[PDB]
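This is what each chain is made of:
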Amino acid sequence: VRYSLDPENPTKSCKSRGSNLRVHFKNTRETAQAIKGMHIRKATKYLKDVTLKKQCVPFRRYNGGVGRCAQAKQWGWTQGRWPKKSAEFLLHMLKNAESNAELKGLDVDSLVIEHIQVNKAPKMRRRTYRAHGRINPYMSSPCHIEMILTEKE
Amino acid sequence: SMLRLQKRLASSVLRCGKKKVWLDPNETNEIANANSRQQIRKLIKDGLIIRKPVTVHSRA
Amino acid sequence: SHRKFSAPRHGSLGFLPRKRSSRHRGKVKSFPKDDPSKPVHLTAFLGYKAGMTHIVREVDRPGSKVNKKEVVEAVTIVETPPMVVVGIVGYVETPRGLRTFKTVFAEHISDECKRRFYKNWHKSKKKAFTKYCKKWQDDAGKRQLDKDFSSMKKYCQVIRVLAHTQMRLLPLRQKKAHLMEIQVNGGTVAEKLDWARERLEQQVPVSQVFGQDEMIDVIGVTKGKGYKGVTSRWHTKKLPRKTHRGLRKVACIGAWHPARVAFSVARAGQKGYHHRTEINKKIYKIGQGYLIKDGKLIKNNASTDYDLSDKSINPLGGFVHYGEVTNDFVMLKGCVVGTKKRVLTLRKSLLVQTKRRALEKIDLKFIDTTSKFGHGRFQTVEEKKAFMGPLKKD
RNA sequence: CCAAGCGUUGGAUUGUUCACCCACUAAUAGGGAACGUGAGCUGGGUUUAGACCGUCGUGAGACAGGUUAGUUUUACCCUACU
RNA sequence: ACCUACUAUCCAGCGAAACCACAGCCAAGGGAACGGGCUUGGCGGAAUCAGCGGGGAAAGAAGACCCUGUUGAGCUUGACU
RNA sequence: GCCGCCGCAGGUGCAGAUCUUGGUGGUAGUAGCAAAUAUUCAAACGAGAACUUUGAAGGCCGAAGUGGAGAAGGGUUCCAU
RNA sequence: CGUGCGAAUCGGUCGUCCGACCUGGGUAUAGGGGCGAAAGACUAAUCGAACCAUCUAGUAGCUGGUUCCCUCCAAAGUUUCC
RNA sequence: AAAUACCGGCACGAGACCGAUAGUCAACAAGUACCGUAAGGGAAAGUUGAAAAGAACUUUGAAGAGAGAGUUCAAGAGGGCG
Ligand SMILES: [Mg+2]
Ligand SMILES: [Mg+2]
């Protein structure tokens, strides 16, 4: 199918996708824009820091009701949380992309993520009960993810 | 793995509650694959399960 | 409509910016004015509050109902460690403001002064003031200091000396010294510069700066509490039990035609950690620190004229979450602003103190030194053991 | 006259605005803020129907004439304050 | 004035509703005779978090008060048939 | 599969109507996951155990029970893989 | 609590408890009618005349709205009557 | 008996009627599913590819979910596919 960003070179670059993941759209977009421009080893170290709760993700656009923290002073922002589930799914996605680079016959340490995008998805339908007999929704917000790796020395 | 069926059957055989029943925790996979009451009677004859005694009430 | 049963307010207007201040040390806002009539002395001093105890003194004043009688009062203990001088700094009088010219540092800068610049004392390799101290062993470095002596003579008016507290004598956990500017009252600019050059890298005594029975000013930082309410901070009239939406809030804040709200009505916010300035505190006694000569130590601080003993001001079992006062101390009237292990600024009086009540020599009779923890009833260990006799395993 | 800087209470009754009395002080001066003021409280009386007595209307009803009990929802959105 | 528990606050997972012409720095003037928008004067210098209720003539219900319509219902009488 | 030209015909021209149906936003990652005391360790099939299993310890309901069985009612909700 | 667990629940708290005591099943009483120790009180989340369909697209001197362009002409809030 | 009426049913034909929120409410397993104790009320819903030639083969991963190949004129038609 037609993608959003065509690759500059099919030999060096590669793509991978993840469809229908039960993760939040805002948190997934924010961690994608945070991990978009780093090296793969620094990205794995950052995911280890998220797992050990050492380095959080700052929220600059969707900034509401989030407490301040000192560990986000490296990026230059007050708020910060740890999207652990989205981090585990993107860790599986980077593992699948590294396997795709291995199937293509690519180098390991020279891979740099260049582009990643979080697109919308059809939502589920469930509800909960409240007072006076009024049905109110309990809907989710799934998303589709695509990412591009490129060897840059 | 799952002994909620064998606890109910042991309570039904010993004709008491399932609280005062002591199972043998040594070989769980060897005890669990019984699938009949004849194997339960064989385990009773071997003497692995123990009917736990009544909690005392000292009238002294 | 107006208020029928009138009552003006319950609150202060001089302290309405209730925010947490950026500064830590209590800074002197108004310095004393210099004049050639006064000799060389220091304006302000920096100390630490240690404790609080009773006092026994003789009251003698004319016309009062109580005359020639014995009373008790609450007196403070402020430990006053000596400071190390690390140089001076000049200030030229500009029409825009008060601008400095050049900061002059000392040769042997102490490590307690070097701890202020560095954040991590272990990781840092101590690279500050390595090439700056090369000016002390050559002719080119000494000519720069000689030309600054004549350049600061013409334009620089106010010369403030730089000092820092000696933390090495204190057994406390912290080791970082507090830098402080002190204006020098004295003669001319040349005499002030010669006195600063003579007293460079010297210990600052307490008795030469502050003396007996002077009504001095106290500057300190209020102990912080946390985010408190309008009732907890302003202490207004409370609402009775019959209220529905709470009984410890401000009921009527605004009105219809004043559609906005101002700071006239008392509001909630930050309570604690604020700057204060107390005035009119009487000095009673300047205590002496510990000293040892020929083995026999001298600790006659609590020993008054009528004590007929020889012991220090340390209570039974030490102080309460403070430590031990190893250095010399001073004793003031009332209670100062601050808390335990809090920095404190002593300041000379700006107003001309000429009052009938605040001019009286205090006869030191007795100092109560007992264990404030629990219920202490003894002054010293030998008196307590003389009362209690032997023990089980003596 | 300059002059609003700082001050101008408590209690018995009335639902009371208003009005009266006592004790005291320095004065116990007079007002506004959409009749200042409920996503700030209170319902004592008015101001849903239930009943009592008195008058009038033949009659359903009316009484500046009373008595008695009568369901008070939500700020997490913006500005302003801290 | 003080204490405990349940609260409230931060982190992992999940995750609404009301409201919505558009947005919410002020004073004076006039007006459908009380405006955030018009004119003139003051000012306005990223983005969020815990309180608060002054304002948004805060949401509600084509007012539960009054009157009219050659609009309808119940009670009651010696109105009319 | 469609356009122009000569005559004729219409269910033929939308911005509203607290218009109808359907779809999507600010709100908003906000409020919230508080009626009734209490759980803590070892191993385990399994990739994976604050919630599941057994073994141990500490408690609650206190015979008017957080117990066993019935009727109305529900209709395979009972058990095995 | 009051956008609830709840289109009427819970805490403190009571009146009564061998007699004008509550009540399990079958049956009689249905709408200008029934029941009612009398409150237009109740009659399936609805009772100053129950629910559904038809007449009915009942009536409305009254509110709400009523869709392309260009050109020319160019108004009255009144005499009298019901 | 004769010329008179026919909206339901048995067999058709025709149309300046409508074209998937339109036309019978229902173009499909429609008075069907569903709601109400009941007389009763009453929906949503078309367009793979001419032809299934419906993806064999390798790898990541527990599987889900990817990355290369194959078909065909094109996947620009990828199992809810004009
Ligand atoms: Mg004490
Ligand atoms: Mg009173």
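Basis of the calculations
Residues numbered from 1 in each chain as written, not as in the entry; some residues may be left out. Chains lettered and ligands numbered in written order. Part of a larger assembly, values for the part shown. Heavy atoms only, no water. Helix = DSSP H or I, 4+ residues; strand = E, 2+ residues; numbered from the N terminus. Contact = heavy atoms within 4.5 Å. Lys, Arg positive; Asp, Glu negative; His and termini not counted. Charge placed at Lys NZ, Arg CZ, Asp CG, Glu CD. Near = heavy atom within 4 Å. Polar contact = N/O pair within 3.5 Å; in protein donor to acceptor, adjacent residues only side chain to side chain. Buried < 20%, exposed > 50% of the residue type's maximum accessible area, 1.4 Å probe, protein only. Salt bridge = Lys/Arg side-chain N within 4 Å of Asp/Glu carboxyl O. Core = buried A, V, L, I, M, F, W, Y, C linked by side-chain atoms within 4.5 Å. Nonpolar A, V, L, I, M, F, W, Y, C, P; charged D, E, K, R; others polar. Patch = residues over 30% accessible without salt bridge, like charges linked within 9 Å, V, L, I, M, F, W, Y side chains within 5 Å. Areas by Shrake-Rupley, 256 points an atom, 1.4 Å probe, with all protein chains shown as cover.

The record names cryo-EM as the way this model was obtained, at a resolution of 3.2 Å.

**Q** If you had to explain the overall build of chain C to someone new, which residues and values would you point to?
**A** Along the backbone of chain C there are 5 helices and 18 strands. Along the longest, intermediate and shortest principal axes, the C-alpha atoms of chain C span 85 × 75 × 55 Å. Pairs at least 24 apart in sequence give 76% of the contacts found in chain C among residues at least 6 apart. Distance between charge centres in chain C, computed from 84 positive and 36 negative side chains, equals 15 Å.

**Q** Got a sec to walk through the protein's contact with RNA strand G? Specific residues and values, please.
**A** Lining the immediate surroundings of RNA strand G are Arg 130, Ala 131, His 132, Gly 133 and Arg 134 of chain A together with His 244 of chain C. At the protein interface, 67% of the atoms of RNA strand G within 4 Å belong to sugar or phosphate. Contacts to RNA strand G include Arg 134 of chain A, whose side-chain N or O atom sits 2.4 Å from a sugar or linking oxygen. Here a base oxygen of RNA strand G and a side-chain polar atom of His 244 of chain C are 3.0 Å apart.

**Q** With reference to specific residues and values, describe the side chain of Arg 18 of chain C.
**A** Residues and elements named next belong to chain C. Position of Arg 18 among the secondary structure elements: in the segment before strand 1 (41-42). Buried and without a salt bridge, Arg 18 has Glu 278 as its closest oppositely charged side chain, separated by 13 Å. Engagement of the side chain of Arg 18 in a polar contact is seen with the side chain of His 274, the distance being 3.1 Å. Setting aside residues no more than four positions away along its own chain, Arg 18 makes contact with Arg 233, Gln 270, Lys 271, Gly 272, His 274 and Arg 276.

**Q** Break down the nonpolar core for me, citing the residues and quoting the values.
**A** Formed by 47 residues in total, the largest nonpolar core has its most connected members in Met 83, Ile 88, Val 204 and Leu 346 of chain C. The biggest single contributor to this core is strand 2 (residues 44-53) of chain C, with 5 residues. Apart from the residues lying within four places of it in its own chain, the contact partners of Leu 346 of chain C are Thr 43, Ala 44, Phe 45, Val 78, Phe 210, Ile 216, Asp 217 and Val 330 of chain C. Counting 28 residues, the second-largest nonpolar core is a separate cluster that includes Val 23, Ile 40, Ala 43 and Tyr 46 of chain A.

**Q** How would you summarise the protein's contact with RNA strand F if you had to cite specific residues and measurements?
**A** The local shell around RNA strand F holds 16 residues, among which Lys 26, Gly 64 and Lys 120 of chain A together with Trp 22 and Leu 23 of chain B are the closest. Atoms of RNA strand F within 4 Å of the protein: sugar and phosphate make up 87%, bases the balance. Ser 1 of chain B has a polar backbone atom sitting 3.4 Å from a sugar or linking oxygen of RNA strand F. Here a phosphate oxygen of RNA strand F and a backbone polar atom of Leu 23 of chain B are 2.7 Å apart. Secondary structure elements with two or more residues in the surface near RNA strand F: helix 1 (4-14) and strand 1 (21-22) of chain B. Classifying every residue of the surface near RNA strand F by side-chain character gives 8 nonpolar, 4 polar and 4 charged.

**Q** Let's hear about a nonpolar patch on the surface: which residues, and what values?
**A** Residues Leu 13, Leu 16 and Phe 263 of chain C make up a contiguous nonpolar surface patch of about 330 Å² in total accessible area. Looking at the element boundaries, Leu 16 of chain C is found in the segment before strand 1.

**Q** Tell me about unusual backbone geometry, and name the residues and values.
**A** A positive phi is found at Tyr 273 of chain C, a non-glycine position, where the angle reads about 55 degrees. Its location among the elements puts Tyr 273 of chain C in the loop between strand 12 (269-271) and strand 13 (275-281).

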